[PDB]
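Read-outs: derived from the displayed coordinates by stated rules, not from any lab. Here the Cβ is made from the backbone with ideal geometry for all residues, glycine too, and neighbour counts use every protein chain on show.
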Amino acid sequence: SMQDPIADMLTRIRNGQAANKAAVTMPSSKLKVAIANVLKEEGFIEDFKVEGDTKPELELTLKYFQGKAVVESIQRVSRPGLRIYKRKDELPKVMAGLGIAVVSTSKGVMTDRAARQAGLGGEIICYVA
Amino acid sequence: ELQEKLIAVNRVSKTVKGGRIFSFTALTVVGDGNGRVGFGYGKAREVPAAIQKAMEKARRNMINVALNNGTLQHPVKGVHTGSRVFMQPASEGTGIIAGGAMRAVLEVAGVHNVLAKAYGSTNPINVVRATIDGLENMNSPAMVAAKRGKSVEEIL
Amino acid sequence: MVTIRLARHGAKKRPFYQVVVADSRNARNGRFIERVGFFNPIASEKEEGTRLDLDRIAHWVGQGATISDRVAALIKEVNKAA
Amino acid sequence: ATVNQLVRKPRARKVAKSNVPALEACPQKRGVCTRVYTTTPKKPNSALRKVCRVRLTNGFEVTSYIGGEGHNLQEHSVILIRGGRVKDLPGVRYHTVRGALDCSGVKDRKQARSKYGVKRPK
Amino acid sequence: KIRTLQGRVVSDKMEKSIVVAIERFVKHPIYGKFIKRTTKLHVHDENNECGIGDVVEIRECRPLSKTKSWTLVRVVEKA
Amino acid sequence: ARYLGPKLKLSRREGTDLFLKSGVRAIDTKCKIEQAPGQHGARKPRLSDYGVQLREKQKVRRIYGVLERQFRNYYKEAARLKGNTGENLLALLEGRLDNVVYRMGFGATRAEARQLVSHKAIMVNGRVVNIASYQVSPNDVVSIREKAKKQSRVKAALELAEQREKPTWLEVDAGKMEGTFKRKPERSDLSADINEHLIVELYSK
RNA sequence: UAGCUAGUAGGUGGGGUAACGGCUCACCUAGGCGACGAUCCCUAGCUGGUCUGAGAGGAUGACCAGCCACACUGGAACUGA
RNA sequence: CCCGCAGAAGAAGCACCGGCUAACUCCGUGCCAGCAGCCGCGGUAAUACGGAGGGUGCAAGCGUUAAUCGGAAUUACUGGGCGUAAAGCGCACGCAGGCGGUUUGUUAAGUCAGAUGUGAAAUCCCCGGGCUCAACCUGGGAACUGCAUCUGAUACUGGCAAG
Ligand SMILES: [Mg+2]
Ligand SMILES: [Mg+2]
Ligand SMILES: [Mg+2]
Ligand SMILES: [Mg+2]
Ligand SMILES: [Mg+2]
Ligand SMILES: [Mg+2]
Ligand SMILES: [Mg+2]
Ligand SMILES: [Mg+2]
Ligand SMILES: [Mg+2]
Ligand SMILES: [Mg+2]
Ligand SMILES: [Mg+2]
Ligand SMILES: [Mg+2]
Ligand SMILES: [Mg+2]
Ligand SMILES: [Mg+2]
Ligand SMILES: [Mg+2]
Ligand SMILES: [Mg+2]
Ligand SMILES: [Mg+2]
Ligand SMILES: [Mg+2]
Ligand SMILES: [Mg+2]
Ligand SMILES: [Mg+2]
Ligand SMILES: [Mg+2]
Ligand SMILES: [Mg+2]
Ligand SMILES: [Mg+2]
Ligand SMILES: [Mg+2]
Ligand SMILES: [Mg+2]
Ligand SMILES: [Mg+2]
Ligand SMILES: [Mg+2]
Ligand SMILES: [Mg+2]
């Protein structure tokens, strides 16, 4: 069974980058769209496009810069088998602040730095480097 | 200006109809102290020759590393055959807290402040392989800015 | 009953007394309710040596705490000096 | 490996046995030489290594190497044994202490005297 | 405002008394997984105003029997 | 608690000059400074990393006259203190009272200085201090008392010191025989040949 | 070590306690605990702490201080705040 | 604690030196005697045994033994693996359990934020102070990662309701 859609999405992105695919599509969800927005804002992908009504498909346009993938690494962290929540003081710094960590806070899904500025922790969905 | 130092020299044998043929392998590592490091693995029937071969090899195919103020840019892992290595930037004045081979490559590279450990196998050749890979696979804030299409101030 | 007394701390030949309120039954250096000061009988010049938290002492006395002779002497000294 | 598995039954710490279990975490122990004899070493060595089967104060019957040249041992001789194996003899885990209860120091030793219970010459 | 706990009525046979599981969703000390732990409590309920499976709020009180030191305050979701 | 043996021997073993003699007569004339100590000195096996570190550590320890436990303690304190550990360690060593007197110039050698301190000839802030390990603090005046002021050794030492290079971090008056420890010396003021970093690594393995 | 428990689990009323209470007693109900390890077996005083360790941990509970239990072994109460 | 007296006077050992591991030569023995933490050494030239000289390391101590943690990512939560190295049940069905596509609403258990109370003193750490210095004592902080309660956020996970 599919047991983790966010994880699946991340993997899809990684494989697309590996195989140099221009875009990657998957069943859309609200959490997925939010994650995509965070990625776009932070600049790890070029674009996302949700398309359809009954079963809509999110389509991300991946980002390349010198023949190689912009998203160097991208791991899910809080996975279903083991949820991870951090307090604002325990929020991780990925790649010494270069990479980002998408964190689901009380005020919506946001990057780790933004969450820290706000002053709240939450479920750490994934790290991106 | 291209400071070089030999990590390990090891004698290896091949067997023939007659008896054993001994020979020496020299693992050297050179670097300019500003980022550039290159390792070389020479083999010859006697040690000095082996060392010379290693030095020549090392001198070519060196590799530049984006170093931040005499230390690493972020915590970096490195893997290879067995030698899996972890290395973390540390505050100025800590000095290089790093194993043997690892210490050599880092030192010639020009990193003055690191905390390293070699996990897994500690086979000098492999550990050097791991360390160089790890150092290379490390981008700077300039590079990340370039990749993501932002300014360095937006990233911090 | 609750009392206010010196508790011996320091080294051999160099006593330093912590003034503590404590139930008299308790051992000298044992269980105590509150530590309301200290007194250093070997304190040199250009050193304070004594400090009695007077408000706390007053409160405890009001509550009904008896006072050691030495502590009383110290209190008198603090009062005069201050 | 799965967190669920670990939660159900966590990881067992590897209970390491002692290589000197007759000492029973004592630094030395007294025993009586039941029998003192010589024995042949293990494979790449030739010798007649001196060893004594000792009844310990706590019941155990061990065998103990006797280092140094020459010794004043026999049956019913109370000695102290210490931790340490002779790699060389199979199954010997303990040394006698030279220079204690009923064991003399080695004769004419000028070095490592402390190891062999020998007093300082003058 | 008083301290009170909710729990499902696991049984109600012994008269004037119920047993109330109070599942708490604790985190594991080492592994970090969140495990459901349970705390059965013998609760006193006069009038036997409760069925099995019903969620019910209870408060702590002076001990009423060998094992029974909690009383219910209001029943909810009687199903 | 003290090394009681040949001094030029110590210097020979280290390689460098450790300054264990007054320097009236050159050490090359006083001993075979070129040849290493012992039956087998004229041999140089290639020294391991551990070995090299150890040799340097020995050098510094011999120079100051600190035994191992005390040295280790100094290192621990230095590490604990904020800033650079090696720099801190060197500062502590300099700070030592015997070292300070030697710098001022009342003792020809550090050994001489230590002896004076031991024998109660030196007052720090008008109090006869006896401990060689006594840490002198910044702005501390340290002076020879008058009974030792008559010492011909002390006056000889002063002359020798006048010959020697004066430290910037102290100020010493030869007639008064009193010096003010103005500040703990900086590493640039201390000798460059000492590689304190090796010591730090060795005590950090 | 997979079943354990009859004052056992709960109720009503008496008795008892400085105090609540199967604390005890008479009767009533047939319960209660248990794979989130009951019961049985082995070992063990507990904590602040100590040692170690980058940390997470591991080991440990001498001294000092808090709490508990015992006072030749096993029972019992009296006196008394 | 201070002052005076005399006179270098009363005061240095222990381990180690083949590699790991800082420090090497000669003699004696000849797989014997012996050594050893590991790897090993010794069968007639022993830098590995025993003695001597020399050296190295610690020093009023130095060695040996026991014991714990470390190194040991060698029980791997951080932080391991399972084709051939140890390791995929012979294969299925399936209760408890673990996990759960997508939308909306509600709740607020988890989660997060803030506050209040507590988390004894000693210890640890920081800046000070006192013992000639240190150990030691000591002032003030910090810390005590916790726990409880109350008030908020609805992102996520959970419950309930509808799709
Ligand atoms: Mg007085
Ligand atoms: Mg043989
Ligand atoms: Mg000493
Ligand atoms: Mg360390
Ligand atoms: Mg009743
Ligand atoms: Mg009644
Ligand atoms: Mg017991
Ligand atoms: Mg560790
Ligand atoms: Mg005792
Ligand atoms: Mg009795
Ligand atoms: Mg009575
Ligand atoms: Mg060597
Ligand atoms: Mg011989
Ligand atoms: Mg030996
Ligand atoms: Mg021979
Ligand atoms: Mg050897
Ligand atoms: Mg020998
Ligand atoms: Mg471990
Ligand atoms: Mg493995
Ligand atoms: Mg096989
Ligand atoms: Mg099989
Ligand atoms: Mg199969
Ligand atoms: Mg879901
Ligand atoms: Mg479910
Ligand atoms: Mg809540
Ligand atoms: Mg002071
Ligand atoms: Mg405290
Ligand atoms: Mg929901």
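What translational diffusion coefficient, to the nearest whole µm²/s, does the protein assembly as shown have by Stokes-Einstein, given a Kirkwood radius computed over alpha-carbon pairs, a temperature of 37 °C and 0.692 mPa s viscosity?
For these conditions, the coefficient is 90 µm²/s.
Note on A:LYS88: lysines with a C-alpha under 24 Å away, same-chain residues under 8 apart excluded, are A:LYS32, A:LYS40, A:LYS107, E:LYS27, E:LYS33. The largest-to-smallest principal axis extents of the Cα set in the stretch B:27-93 are 43, 28, 22 Å. Please check which bits of the stretch B:84-117 a label hung off F:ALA79 would reach, taking the label as a point 7 Å along Cα-to-C-beta and the cut-off as backbone N under 15 Å. Label zone hits: B:94-98. Label zone of A:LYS93 (point 7 Å out along Cα→Cβ, amide N under 13 Å): in the stretch B:80-112 this covers B:89-92. Taking the number of Cβ atoms within 10 Å of each Cβ as an exposure proxy, the fewest-first ranking of F:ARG13, D:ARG93, D:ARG35 is D:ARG35, F:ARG13, D:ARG93.
In this Cβ point-charge picture (+1 for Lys and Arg, -1 for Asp and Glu), the protein assembly as shown has a dipole of about 4340 debye about its Cα centre. If you model the stretch E:3-79 as an ellipsoid using its alpha carbon gyration tensor, with each semi-axis the square root of five times an eigenvalue, the axes come out at 24, 14, 10 Å, biggest first. Tell me the mean residue ellipticity at 222 nm calculated for chain C from its helices only (DSSP H runs of n ≥ 4, each -39500 (n - 2.57), averaged over every residue, nearest 500). About -8500 deg cm²/dmol. Counting beta carbons within 10 Å around each of F:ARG153, E:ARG24 and listing the fewest first gives the order E:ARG24, F:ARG153. Relative to the longest principal axis of the Cα atoms of chain A, the long axis of helix A:30-42 lies at roughly 80 degrees.
Taking a straight Cα-Cα cut-off under 19 Å and skipping sequence neighbours fewer than 8 places away in the same chain, the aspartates and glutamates within cross-link reach of E:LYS16 are E:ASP45, E:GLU46, E:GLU49, E:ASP54, E:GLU57, E:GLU60. Exposed loop positions in chain C were taken to be trypsin sites (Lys or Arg not before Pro) whose DSSP state is not H, G, I, E or B and which have at most 14 other beta-carbon atoms within 10 angstrom. Between these positions, the longest stretch is C:47-82. Annotation note: trypsin sites (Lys or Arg not before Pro) in the stretch A:58-129 located in DSSP loop regions with a Cβ neighbour count of at most 13 within 10 Å are A:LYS68, A:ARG87, A:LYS107. Take each residue of peptide A:90-97, count the partner chain Cβ atoms within 10 Å of its Cβ, and average: the result is 3.
Each Cα pair under 8 Å and six or more residues apart adds its sequence gap; the mean of these over the residue count of the stretch A:74-128 is a relative contact order of 48 percent. Note on chain F: helix-only mean residue ellipticity at 222 nm, from DSSP H runs of 4+ residues weighted -39500 (n - 2.57) and normalised by residue number, equals -13000 deg cm²/dmol.
Report the GluC sites (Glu not before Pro) located in the stretch C:14-82 that are in a DSSP loop and have at most 15 other Cβ atoms inside 10 Å of their Cβ, or state none. Can you show the working numbers first?
Working: sites: C:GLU34, C:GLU45, C:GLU47, C:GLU48, C:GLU77; in loops: C:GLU45, C:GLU47, C:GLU48.
Listed in order of number, the matching sites are C:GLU45, C:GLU47, C:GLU48.
D by Stokes-Einstein for chain D, Kirkwood Rh over Cα pairs, 20 °C, 1.002 mPa s: 131 µm²/s. Separation of the stretch A:35-83 from the stretch D:49-109 is 74 Å, based on Cα centroids. Computing Rg and the Kirkwood Rh from the Cα coordinates of the stretch F:94-180 gives a ratio, Rg/Rh, of 0.90. Ignoring solvent entirely, what values of log10 I(q)/I(0) come out of the Debye formula for chain F at 0.08, 0.10, 0.12 Å⁻¹ when each Cα is a single scatterer? Once normalised to I(0) and log-transformed, intensities are -0.29, -0.45, -0.65. With helices as the sole contributors, chain D gives -1000 deg cm²/dmol at 222 nm; each DSSP H run of n ≥ 4 counts as -39500 (n - 2.57), and the sum is divided by every residue. Among the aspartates and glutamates, select those whose C-alpha is under 20 Å from the C-alpha of D:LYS29, and discard any that sit fewer than 8 residues away in the same chain. Once the sequence-local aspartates and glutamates are set aside, what remains near D:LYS29 is D:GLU61, D:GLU75, D:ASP102.
Modelled label positions at C:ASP55 and C:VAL2, each set 7 Å beyond Cα in the direction of Cβ, lie 1.7 nm from each other. When +1 charges are put on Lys and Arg Cβ atoms and -1 charges on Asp and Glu Cβ atoms, the dipole computed for chain F relative to its Cα centre reaches about 820 debye. Taking each of A:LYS93/B:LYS77; A:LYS63/B:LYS77; D:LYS9/E:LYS36; B:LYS117/D:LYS9; F:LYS7/F:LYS32; F:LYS21/F:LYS182 in turn, the alpha-carbon distance tops 20 angstrom for A:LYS63/B:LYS77; B:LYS117/D:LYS9; F:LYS21/F:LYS182. Here each label is just a point 7 Å from Cα along the line to Cβ, and for F:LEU54 and B:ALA142 those points are 4.5 nm apart. Computed from the Cβ-Cβ distance with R0 of 35 Å, the FRET efficiency linking D:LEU101 to D:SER46 stands at 0.65.
Measuring nothing but how far apart in sequence close Cα pairs (under 8 Å, 6+ apart) lie, relative to its length, the stretch A:5-69 scores a relative contact order of 35 percent. Distance distribution P(r), chain C, all Cα-Cα pairs, bin width 10 angstrom from 0: 18, 53, 25, 4 percent.
Loop only by DSSP, 10 or fewer other Cβ within 10 Å of the Cβ. Give me the GluC sites (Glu not before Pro) in the stretch F:164-205 that pass, ordered by residue number.
Listed in order of number, the matching sites are F:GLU165.
When C:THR66, F:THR85, B:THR25, B:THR15 are arranged by Cβ crowding within 10 Å, least crowded first, meaning fewest neighbours, the order is B:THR15, C:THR66, B:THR25, F:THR85. In this simple spin-label model, placing a label point 7 Å from the Cα along the Cα-to-Cβ direction at both C:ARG25 and A:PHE65 gives a separation of 7.5 nm. Rounded to the nearest 20 debye, the dipole size of chain D about its Cα centre is 580 debye, using +1 on the Cβ of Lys and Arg and -1 on the Cβ of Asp and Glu.
Take every pair of alpha-carbon atoms less than 8 Å apart whose residues are at least six positions apart; their mean separation over the length of the stretch C:1-81 yields a relative contact order of 30 percent.
For the stretch A:1-112, compute Rh as the Kirkwood radius over C-alpha pairs and then the Stokes-Einstein diffusion coefficient at 37 °C and 0.692 mPa s; write the answer in µm²/s, rounded to an integer. Taking Rh from Cα pairs, D becomes 220 µm²/s.
Between F:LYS166 and F:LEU67, the FRET efficiency from the beta-carbon distance, with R0 = 35 Å, is close to 0.75. Within the shell defined by Cβ-Cβ distances under 13 Å, the residues around C:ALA65 carry a net charge of 0, with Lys and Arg each +1 and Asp and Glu each -1.
Against chain A, whose longest principal axis comes from its Cα atoms, helix A:5-18 is set at around 60 degrees.
Projecting the Cα atoms of D:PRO90, D:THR39, D:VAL78 onto the charge dipole of the stretch D:9-122 (Cβ charges, centred on the Cα centre) puts D:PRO90 farthest toward the positive pole. For A:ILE84, neighbours were defined as the other residues whose beta-carbon sits under 11 Å from its Cβ, and their charges (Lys and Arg +1, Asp and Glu -1) total +4. Within the shell defined by Cβ-Cβ distances under 13 Å, the residues around B:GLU56 carry a net charge of +4, with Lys and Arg each +1 and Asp and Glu each -1. Return one number: the angle in degrees, 0 to 90 and rounded to the nearest 10, between the long axis of the Cα atoms of helix F:152-163 and the longest principal axis of the Cα atoms of chain F. Taking Cα atoms only, the helix is inclined about 70 degrees. Positive end of the dipole of chain E (Cβ unit charges, origin at the Cα centre): among E:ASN48, E:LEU72, E:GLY32, the Cα lying farthest that way belongs to E:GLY32.
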